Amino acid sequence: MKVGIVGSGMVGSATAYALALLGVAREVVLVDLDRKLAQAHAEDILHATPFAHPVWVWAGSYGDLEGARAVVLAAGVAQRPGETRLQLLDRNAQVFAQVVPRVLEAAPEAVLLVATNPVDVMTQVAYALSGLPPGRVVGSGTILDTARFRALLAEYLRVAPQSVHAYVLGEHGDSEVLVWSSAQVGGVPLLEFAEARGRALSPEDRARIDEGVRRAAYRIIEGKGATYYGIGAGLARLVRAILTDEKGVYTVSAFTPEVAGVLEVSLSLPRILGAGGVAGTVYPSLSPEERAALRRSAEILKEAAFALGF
């Protein structure tokens, strides 16, 4: 199986690295405006492969995405000193109007996997531009945060993260929604499991966990200037779900008909991921306070969209 990556920067190369080390696909093609950057990365990683799995990593052009089952969109421009967040965005939407036609013309059956920040806005742009069914354009969204959430709860509960079912929904960023109300652990409600364990879960415990999840990205960016190891591996996992037609449940961003009262917007909700992308959406139970944050989250996004032409 072949997999493509457009934008061979930290995020794109880190995704290629994770795919290689995990032996997810047998072939990975990197594409970038800076051809020598993409070649340098391909060969750097190729140097790794004999110490992991046989994976053919190379750099090429769009035409070389031919036969790819999924193409990661990790392309984007560098933030200018004194530039708004609103113009950085516009520029990237411009990059994407260039990239999407060129991807789908070479690889008309590929699922599109959006990585470039802000993931939800960029996921919408990509959906509009593709003209494909809504399930074919998937954004990484809040997967990392959902896993962080579960990890912290598992830590607190002295249990395996695998038995913790909790979600982070909505906008990947500071307004994302941690779904405390309906999270389960070992098939039973969070709080009941917590107390049959000697660990109520004080409002102060919840604040610590919410910070742990909510501000991770920010702390990472503050310390090294950008995130990529995490998403690299998250994306690899999503590619795996696609290639193996896994139909596993993931909090990923996609174009939604409606959510919490808002129409036609891309945000994270637990979705069934497989061969053709996302075929089906789970709708977890929300507290009034939780769904109010979700719609407010949905509000912000869907207006950012229109106000960019998408």
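Residue indices: 1-based, along the sequence shown.
Per the PDB record, of the two stretches 293 to 301 and 6 to 14, 293 to 301 carries the greater mean B-factor over its C-alpha atoms. Across the two stretches, 174 to 182 and 87 to 95, the PDB entry reports the greater mean Cα temperature factor for 87 to 95. Based on the entry's C-alpha B-factors, the most elevated value among 116, 140, 202, 227 belongs to 202. In this entry, the residue among 265, 37, 242, 269 with the greatest C-alpha B factor is 265.
In the PDB entry, a CA B factor belonging to the middle third of its chain's modelled residues is recorded for residue 206. In this PDB entry, residue 135 carries a Cα temperature factor that places it within the middle third of its chain's modelled residues.
Per-chain ranking of the deposited C-alpha B factor places residue 253 in the lowest third. Ranked within its chain, residue 259 lands in the highest third, by CA B factor from the PDB record.
Ranked within its chain, residue 50 lands in the lowest third, by CA B factor from the PDB record.
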